[PDB]
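In the deposited numbering, the protein residues as written are 1 to 124.
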């Protein structure tokens, strides 16, 4: 899978379009601090990933599956600059909406620690 990051105050039209493509009103979601988007090709793989981001206490969550809603998964991938081929070969997509560039890395530091094998300070 892949992770993407967008800043609400610096790319307002990108975040507006991601929330509108998700079928939500960004004009109503204006009170949210963080929005996380999970898209996976099976609902079983999506249910792992949504629980994995829920451990961090993310302020808003939205979930889609490529087999149930291929058109909506494709629309959000297109908005993130991702091809329909890239959506298919990656198994899953994560899109993170944040108010600052360091807040994205603060969240990513958990995802990078959960990924790979570690026991003796292997990487970074």
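C-beta atoms are modelled at their ideal positions from N, C-alpha and C, and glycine is treated no differently.
What is the C-beta distance between residue i and residue j, in whole angstroms, given that I count them as a contact (C-beta under 8 Å)?
i          : j          : result
residue 76 : residue 18 : 7 Å
residue 27 : residue 99 : The pair is not a contact, with the Cβ atoms about 17 Å apart (cut-off 8 Å).
Are the beta-carbon atoms belonging to residue i and residue j less than 8 Å from one another?
i          : j          : result
residue 65 : residue 46 : yes
residue 34 : residue 51 : no
residue 97 : residue 6  : yes
Pick out whichever of the options has its Cα sitting closest to the Cα of residue i.
i           : options          : result
residue 1   : 16, 122, 95      : 95
residue 115 : 49, 98, 71       : 49
residue 40  : 9, 108, 74, 109  : 74
residue 36  : 71, 4, 10, 120   : 4
residue 62  : 101, 93, 113     : 93
residue 90  : 120, 42, 12      : 42
residue 30  : 44, 15, 38, 21   : 15
residue 21  : 120, 78, 103, 58 : 78
residue 72  : 13, 23, 123      : 23
residue 104 : 25, 13, 53       : 53
residue 106 : 12, 58, 32, 121  : 58
Taking all protein chains shown into account, do 16 or more other C-beta atoms lie within 10 angstroms of the C-beta of residue i, making it buried, or fewer, making it exposed?
i           : result
residue 56  : exposed
residue 117 : exposed
Name, in chain order, the residues that DSSP records as bridge partners for residue i.
i          : result
residue 74 : None, per the DSSP bridge assignment.
residue 63 : 38
residue 98 : 7
residue 19 : Answer is none; residue 19 lacks a bridge partner.
residue 2  : 93
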